[PDB]
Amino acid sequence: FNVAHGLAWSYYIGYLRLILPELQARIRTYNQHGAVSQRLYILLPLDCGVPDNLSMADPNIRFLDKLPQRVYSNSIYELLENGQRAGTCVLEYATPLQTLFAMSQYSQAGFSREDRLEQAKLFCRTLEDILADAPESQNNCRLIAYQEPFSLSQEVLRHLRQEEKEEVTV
């Protein structure tokens, strides 16, 4: 009874597959007006704790604007270092992770905190395999899996600079 399989497939079939194909084009139009990354960075906190505002999780992550255009709203966030803009990217949480959290607060589910973490890892692996064989192929999508004990802004910044490195070497 692996609930992550359904959550991952539904997350790709019902959401990721419908916003990723034209994601770059929306970013390119924005970048015509600083610069924004080309990929959608999805945060996968293995504790399955998704706050309503990303600014709370890390003070160095601050809202900048929403990416201009079923229709779904993605928003561009800027990451800070000593109060200075070190990176800006489209950041969003893995929404199915809250479904794992709500199940663990549902006594009739039998979902323990250990089961939630275990399913969170399965959700991350399955989405990886899905996107790997996917037309978007993570070419517009990066997966951020992190287990809080940690600067979240530093972890996304590390991947952003690596993406820029790849963009100029390859």
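The first residue of the shown sequence is 1; numbering continues from there.
**Student:** Please count the deposited residues lying between residue 112 and residue 113 that the model leaves without coordinates, and give the class: none, 1 to 3, 4 to 9, or 10 or more.
**Tutor:** Missing in between: none.
**Student:** Between 6 to 14 and 20 to 28, which has the higher average C-alpha B-factor in the PDB entry?
**Tutor:** Mean B over CA atoms: larger for 20 to 28.
**Student:** Going by the CA temperature factor in the entry, name the top one among 91, 86, 97, 71.
**Tutor:** Of the candidates given, the C-alpha B-factor peaks at 71.
**Student:** In terms of recorded Cα temperature factor, pick the maximum from 134, 44, 127, 102.
**Tutor:** Top of the list by C-alpha B-factor: 134.
**Student:** Classify residue 141 as lowest, middle or highest third according to the C-alpha B-factor given in the PDB entry, relative to its own chain.
**Tutor:** Tercile = highest for this residue's CA B-factor.
**Student:** Name the third of the chain's ranked CA B-factors that contains residue 34, choosing lowest, middle or highest.
**Tutor:** For residue 34, whose C-alpha B-factor we compare with every modelled residue in the chain, the answer is the highest third.
**Student:** If you rank every modelled residue in this chain by C-alpha B factor, which third holds residue 64: lowest, middle or highest?
**Tutor:** Tercile = middle for this residue's CA B-factor.
**Student:** Splitting the chain's C-alpha B-factors into thirds, which one does residue 107 fall into?
**Tutor:** CA B-factor rank for residue 107: lowest third.
**Student:** Among the modelled residues of its chain, does the C-alpha B-factor of residue 48 lie in the lowest, middle or highest third?
**Tutor:** It belongs to the lowest third of the chain when residues are ordered by C-alpha B-factor.
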